[PDB]
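The chains referred to below are lettered A, B, ... by the order of the sequence lines, with proteins before strands, and numbering in each begins at 1. Just so it is clear, the values below take in all heavy atoms, side chains as well, and ignore hydrogens, waters and symmetry mates. Just so you know, ligand 1 is whichever comes first in the structure, and atom 1 is the first atom listed for that ligand.
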There are 2 protein chains.
Amino acid sequence: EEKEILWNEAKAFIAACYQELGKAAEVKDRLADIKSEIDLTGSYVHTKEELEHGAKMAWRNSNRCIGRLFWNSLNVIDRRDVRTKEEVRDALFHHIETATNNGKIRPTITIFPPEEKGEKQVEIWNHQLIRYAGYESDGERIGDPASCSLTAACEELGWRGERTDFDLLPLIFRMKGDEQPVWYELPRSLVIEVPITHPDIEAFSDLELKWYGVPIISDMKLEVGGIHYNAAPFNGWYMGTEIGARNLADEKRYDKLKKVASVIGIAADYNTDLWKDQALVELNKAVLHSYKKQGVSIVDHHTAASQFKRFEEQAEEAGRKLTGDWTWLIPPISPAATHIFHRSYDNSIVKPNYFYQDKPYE
Amino acid sequence: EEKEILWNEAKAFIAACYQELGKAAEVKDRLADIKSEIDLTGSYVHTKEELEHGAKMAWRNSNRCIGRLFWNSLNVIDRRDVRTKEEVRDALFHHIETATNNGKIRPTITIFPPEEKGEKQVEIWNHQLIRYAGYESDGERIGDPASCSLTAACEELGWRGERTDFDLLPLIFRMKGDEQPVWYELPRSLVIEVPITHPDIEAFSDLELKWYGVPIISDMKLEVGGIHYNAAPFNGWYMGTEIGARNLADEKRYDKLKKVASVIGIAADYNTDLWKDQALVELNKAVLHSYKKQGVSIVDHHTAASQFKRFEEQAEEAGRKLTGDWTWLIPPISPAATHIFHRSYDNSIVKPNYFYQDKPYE
Ligand code: HEM
Ligand code: HEM
Ligand SMILES: Cc1cc(N)nc(COc2cccc(OCC3CCNCC3)c2)c1
Ligand SMILES: Cc1cc(N)nc(COc2cccc(OCC3CCNCC3)c2)c1
Ligand SMILES: C[C@H](O)[C@H](O)[C@H]1CNc2nc(N)[nH]c(=O)c2N1
Ligand SMILES: C[C@H](O)[C@H](O)[C@H]1CNc2nc(N)[nH]c(=O)c2N1
Ligand SMILES: [Cl-]
Ligand SMILES: [Cl-]
């Protein structure tokens, strides 16, 4: 049955991929080649063209992503050749470097060898290649609470964090055959961080807030034509709200809204004063201002929504069905000021796509 | 089949209603009475107790309502006895008066005779008993655009609006047997309006904004035990965002955000300045402040969310399944600052409930 799934998915993908690439006539021969290869080896190997476009199609089908307009300009790095943890580490290091691009962020995906028969060749433990550690012990909470479990797992493996609020987690991944994952400290020269300041309010720097430049999802599975790339880290640039309205605002994250209200000089006593709402706006203005001042790529949620509208138009123009998750597409601040809020979306799963997978820790 | 639907719904409602009222033992006899009455007349008549609790159950099942905590304190006015348009008008006038309660708004529903065999006894054309007219002609737009079609329909019937931005629409409803609906101008002494001022910014009054005190939905069908009350106007108090973030903010409504940005002294040039977001906050602070200053009941979205959390707890406590529409429950500003955003809801339709129905105009 597993083979049948692979072949069925392969047929659907190769047809669709080759149609889009204008290689329609080559479908029959390519499928035959694949049909034998599956019959022989229990799997098949993508061409670079199929892989590159498959990763682009997968971004295009990401229902929760508001930034899908630029799906076709995705930078794909093919690292199916890696065999050693040294190679994995250097690929991950390289991904950070080239994607960061001195602030002018390049949407990039590095693709590692896929699962053979459910067996992972490489298993990345990081949720993001760049993320802050989190600590919770006897009342004392430090750093990013969302990283508490991974941090504890890393401290099992001989790593120790400095316990600032912004400890960079090391890269941690496990190779096929090894029982334990290895970990490597990130070179600080590879990680751009942005100090959060406010354009008008000088006291905002007293919060001593900062965030990393590049969000690189590293725990999701890329599925292309029945092939499971469990290790394929990808990145874009931040939408400001992700940092200002969530990472730094959520009670179960950095929980900074009360201190923001204090530095911007407003009371945090009454719900009717809408101080949380005011704090969210100024903090999100601070985030956008800070990234721009440092020359690190970022987009506000209004501009992002406009771009997503173009994506919707582009999709209809090309005769493709649009899919999307309304609950995720709406920004967490002023969503009714975007068009997204005022229309509906089909939340169907189309492949190729990126999927969740179980954590090896926890 | 229609009778079978009525009887099936009647069985489900009477059982459930009487369980909750602790009148469990009376279910059998009451159902027999109903079974004969349906067999005889093609319908059945609710007791005052069933009607009152049915309307309360219906509010409790309103998936899109964030204010369901106070479902059991709903003030039910039984006007199934009305036969004349004079009686309908005076009932509607009375509803406005008693619900307004000099600002201390009482959640109230006035229930008119139900459909007999799909035939409406009374047909209310108003979307809300109190709403502003809207005009669009050769480029010129005046008032509330959402009322454009109803306003045009009213001006067919001999009514004429003054064409201010806040013309009160007349009550307009049609009686069984009449081809045309009648219309009655609202007494201004019955309608509380709130001038919008800002607590800190004096120039906000230059916008000359205002809104009516009491939102009274009048075009929805209340369904109770198979009985269709197509005319049953209900009201609560406003959540501030409904006015500040939607009615006065939407481009297809009053579209006031640019003028708000001007009076609060910020530029409306760059998306990255988040001026819309800032304008939304100050305008919503203005709305809340204004209603409080006038002693007209209103609730901010944070407090409302807290109350809705209690409703969720109350529901689990009493062993009732919770249903809700996530897309409607989240407030249009700072939704991620509420618990609603961070959990999911089953959007199943439970009866009794309130439903949409076709407009007689349009
Ligand atoms: C170009 C800049 C990009 C922007 C501004 C953007 C924007 C967003 C945002 C705001 C989210 C929601 C994240 C959250 O709430 O946690 C998101 C989710 C997502 N984006 Fe993008 N994105 C970008 C690039 C990409 C790229 C390059 C890919 C992959 C090829 C991608 C795939 C996804 C996926 C899979 C999710 C869902 C993750 C999840 O389920 O939690 N995006 N995007
Ligand atoms: C007590 C004060 C109340 C508050 C603060 C409240 C809050 C809300 C809000 C904010 C909405 C969304 C409206 C919109 O976005 O257009 C809503 C919808 C709704 N509420 Fe309530 N509500 C209250 C009382 C009531 C009452 C008394 C009923 C009926 C018995 C009711 C039934 C509904 C229904 C049926 C809807 C959905 C209307 C639609 O589908 O568009 N609510 N409520
Ligand atoms: C590619 C990208 C761009 C962007 N602007 N922002 C992001 C952030 O995306 C996130 C941020 C946090 C969680 C998440 O979901 C992936 C995990 C998978 C395991 N379950 C929890 C969610 C995805 C990514
Ligand atoms: C009872 C109540 C309380 C409250 N705070 N706010 C409202 C406002 O509710 C609305 C406000 C606008 C539209 C609407 O929906 C009913 C119509 C039915 C016909 N289709 C369009 C929506 C419901 C009601
Ligand atoms: C398409 C989408 O369902 C629509 O814009 C909804 C979203 N959530 C909402 N929520 C409320 N309270 N009121 C609304 O009118 C809407 N509109
Ligand atoms: C329960 C609900 O789906 C959950 O809170 C979602 C809502 N929408 C979201 N949207 C984004 N972009 N990111 C999120 O983490 C969430 N969380
Ligand atoms: Cl993030
Ligand atoms: Cl309204």
Side-chain angles (χ1 to χ4, degrees), chain A residues 324 326-327 329-330 335-346, chain B residues 52-77 95 99 104-111 126-132 144 146-147 211-224 229 232-250 252-254 287-288 291 296-308 311 323-333 335 338 340-341 347 349 352-357:
Chain A
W326 190 93
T327 69
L329 287 168
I330 54 167
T338 70
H339 78 278
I340 302 165
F341 183 91
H342 305 279
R343 62 156 293 172
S344 57
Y345 298 88
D346 173 24
Chain B
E52 160 165 348
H53 197 76
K56 289 180 181 177
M57 289 166 73
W59 181 8
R60 192 178 71 206
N61 293 328
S62 296
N63 289 4
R64 297 180 165 185
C65 169
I66 195 176
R68 280 181 283 165
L69 174 59
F70 313 107
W71 64 271
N72 198 40
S73 60
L74 176 67
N75 175 28
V76 184
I77 309 174
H95 185 116
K104 199 180 168 61
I105 295 169
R106 289 183 282 236
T108 303
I109 185 172
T110 302
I111 299 175
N126 301 85
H127 165 61
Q128 281 175 27
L129 294 187
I130 311 178
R131 238 197 173 186
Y132 298 136
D144 193 344
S147 296
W211 207 255
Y212 50 91
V214 195
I216 318 174
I217 306 306
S218 56
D219 59 11
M220 295 185 69
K221 165 178 299 172
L222 162 63
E223 194 179 319
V224 173
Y229 301 97
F234 56 83
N235 74 275
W237 49 79
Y238 266 123
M239 188 166 71
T241 54
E242 303 184 72
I243 312 172
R246 300 295 252 97
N247 299 343
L248 295 180
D250 287 356
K252 296 187 170 187
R253 301 298 293 284
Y254 281 84
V287 166
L288 293 170
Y291 274 66
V296 179
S297 294
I298 201 174
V299 61
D300 66 271
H301 51 287
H302 303 285
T303 300
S306 301
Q307 293 166 338
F308 186 68
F311 174 79
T323 63
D325 191 334
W326 190 93
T327 69
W328 272 63
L329 287 168
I330 54 167
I333 63 181
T338 70
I340 302 165
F341 183 91
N347 201 23
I349 308 303
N353 216 325
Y354 301 97
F355 295 94
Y356 292 152
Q357 28 181 6

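In this structure, the side chain of B:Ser218 engages the main chain of B:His127 through a donor-acceptor pair within 3.5 Å. With B:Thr303 contributing its side chain and B:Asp300 its backbone, the two residues share no donor-acceptor pair below 3.5 Å. Judged by distance alone, with hydrogens and angles left aside, the side-chain atoms of B:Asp325 form no donor-acceptor pair with the main-chain N or O of B:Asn63 at under 3.5 Å.
In terms of protein heavy-atom proximity, atom 5 (C) of ligand 2 is nearest to B:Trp237 O, 3.2 Å. Among all non-hydrogen protein atoms, the one lying nearest atom 37 (C) of ligand 2 is B:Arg64 CB, 4.0 Å. Scanning all protein heavy atoms for the shortest distance to atom 40 (O) of ligand 2 gives B:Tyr356 OH, 2.7 Å. The nearest protein atom to atom 21 (Fe) of ligand 2, hydrogens excluded, is given as B:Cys65 SG, 2.9 Å; this is a heavy-atom distance. Here the heavy atom of the protein found nearest to atom 15 (O) of ligand 5 is B:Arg246 NH2, 3.0 Å. At the top of the distance list for atom 7 (C) of ligand 2, counting protein heavy atoms only, stands B:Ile66 CG2, 3.6 Å. The protein heavy-atom contact nearest to atom 13 (C) of ligand 2 is B:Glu242 OE1, 3.5 Å. For atom 29 (C) of ligand 2, the nearest protein heavy atom (residue, atom name, distance) is B:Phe234 CD1, 3.2 Å. In this structure, the protein non-hydrogen atom closest to atom 38 (C) of ligand 2 is B:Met220 SD, 4.0 Å.
Nearest residue to atom 26 (C) of ligand 2 from B:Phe355, B:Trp328, B:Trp59, B:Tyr238 is B:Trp59 (criterion: closest heavy atom). Between atom 5 (O) of ligand 5 and the options B:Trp328, A:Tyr345, A:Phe341, the minimum heavy-atom separation is to A:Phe341.
The shortest distance between side-chain heavy atoms of B:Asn353 and B:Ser62 falls below 4.5 Å. Contact check for A:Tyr345 versus A:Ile340: side-chain heavy atoms found under the 4.5 Å cut-off. Contact of the B:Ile298 side chain with the B:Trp237 side chain is not registered, since no non-hydrogen atoms from C-beta on lie closer than 4.5 Å. Looking only at side-chain heavy atoms (C-beta outward), B:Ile109 and B:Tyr229 stay at 4.5 Å or farther from each other. Here the side chains of B:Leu329 and B:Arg68 are in contact, with some heavy-atom distance below 4.5 Å. Two residues are said to be in side-chain contact when any heavy atoms from C-beta on lie closer than 4.5 Å; B:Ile243 and B:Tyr291 meet this criterion. Looking only at side-chain heavy atoms (C-beta outward), B:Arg253 and B:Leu248 stay at 4.5 Å or farther from each other. Using a 4.5 Å heavy-atom cutoff, the side chains of B:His95 and B:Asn235 are in contact.
Close approach of ligand 2 to B:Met239 is summarised as follows: ligand atoms under 4.0 Å from at least one heavy atom of the residue are 10 (C). Within the listing of ligand 5, atoms 1 (C), 5 (O) sit less than 4.0 angstrom from a heavy atom of A:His342. Contact atoms of ligand 2 toward B:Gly236: 1 (C), 2 (C), 24 (C) (distance under 4.0 Å to a heavy atom of the residue). For ligand 5, the atoms closer than 4.0 angstrom to any heavy atom of A:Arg343 are 1 (C).
Between B:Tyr132 and B:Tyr254, the two ring planes are perpendicular [angle over 60°; tilted spans 30° to 60°]. The aromatic rings of B:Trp326 and A:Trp326 sit perpendicular, their planes meeting at an angle over 60°, well past the 30° parallel limit.
Using a 4.0 angstrom heavy-atom cutoff, B:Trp71 does not count as in contact with ligand 2. The shortest separation from a heavy atom of B:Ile109 to ligand 2 is not under 4.0 Å, leaving the residue out of contact. Taking a 4.0 Å cut-off on heavy atoms, B:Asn235 registers as neighbouring ligand 2. Look at B:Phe70 and you'll find every heavy atom at least 4.0 Å from all atoms of ligand 2.
Neither the backbone nor the side chain of B:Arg246 comes within 4.0 Å of ligand 2, counting heavy atoms alone.
For ligand 5, the polar-atom distance check against B:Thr327 finds a nitrogen or oxygen pair separated by under 3.5 Å. Not a single N or O atom of B:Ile330, backbone or side chain, sits closer than 3.5 Å to an N or O atom of ligand 5. Taking any N or O of B:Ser62, backbone or side chain, none lies under 3.5 Å from an N or O belonging to ligand 2.
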